[PDB]
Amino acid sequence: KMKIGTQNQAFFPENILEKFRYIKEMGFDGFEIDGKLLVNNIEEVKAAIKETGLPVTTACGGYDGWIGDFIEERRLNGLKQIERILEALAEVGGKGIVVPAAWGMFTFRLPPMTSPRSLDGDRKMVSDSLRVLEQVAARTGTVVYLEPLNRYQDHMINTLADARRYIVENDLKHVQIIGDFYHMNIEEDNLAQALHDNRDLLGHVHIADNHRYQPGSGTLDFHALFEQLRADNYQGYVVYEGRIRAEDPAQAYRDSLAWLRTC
């Protein structure tokens, strides 16, 4: 039995309590919340968790400035915002925040082809951000989940092994890996083997099918990967992150979850 959560989707109710109710009745085990929605509505979120029993598992997004941002002022402002998100997560019982090195800032694979910063420059800035967030995570009892993205979305961290290097070489104790099936389907040599080899640091999982749409609408072998997580005694959640391609979005979402329950 896997614990299966979801991020927000546009067809979810806007009202926080109704949103939690709606997510619960679809069958999900948890909610991965936007960081700014969480910080700006802490008490509403706490109430909704209490009334529904649907927990906030994690936060994702909600800050302006990547931990590996090219612009130093933006990186530092982002760290201040991520600190607030971690504080809010502790107040509602969330486990941690999902962050990539960056999104949509640069890629080696599309023009402009030349990075404005050296590889050592990338590593120093990401490492410094993670060292700072390690201090906040220790204070708040939370974790930073470091997410490799595919090569088009980020140049710095593309594989689980990339994230592992940052964690191990900085000897971080409050930064874990989050593997995303969609990005892994592009970047990993062997998805199940990557989950296994990193079971010591894999703290969170994102799921979507190979084309980023609802699980089951593509051909990712969710049953095989779930079996790998079971064999490794995976403790965390698997959380929907991605898009919906369907005439009836809500029905396709429910059907995907029902199908995942048989994996």
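Quick note: we count residues from 1 along the sequence shown, nothing fancier.
Colleague: Mind pulling up the entry and telling me whether 100 to 108 or 162 to 170 has the higher mean Cα temperature factor?
Modeller: If you average the C-alpha B-factors of 100 to 108 and of 162 to 170, the larger mean comes out for 162 to 170.
Colleague: Per the PDB record, is the mean Cα temperature factor higher over 31 to 39 or over 222 to 230?
Modeller: According to the PDB entry, the answer is 222 to 230.
Colleague: So among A59, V205, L201, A48, who wins on Cα B-factor in the entry?
Modeller: The record points to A48.
Colleague: For the chain shown, is the CA B-factor of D197 in the lowest, middle or highest third of its modelled residues?
Modeller: CA B-factor rank for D197: highest third.
Colleague: Please place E44 in the lowest, middle or highest third of its chain according to the CA B-factor in the PDB entry.
Modeller: Top third by C-alpha B-factor.
Colleague: Sorting by Cα B-factor within the chain, modelled residues only, which third would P55 end up in: lowest, middle or highest?
Modeller: CA B-factor rank for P55: highest third.
Colleague: Considering only modelled residues of the same chain, in which third does the CA B-factor of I67 rank: lowest, middle or highest?
Modeller: Lowest third, going by the recorded CA B-factors of the chain.
Colleague: Relative to the other modelled residues in the chain, which third contains the C-alpha temperature factor of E188: lowest, middle or highest?
Modeller: It falls in the middle third of the chain.
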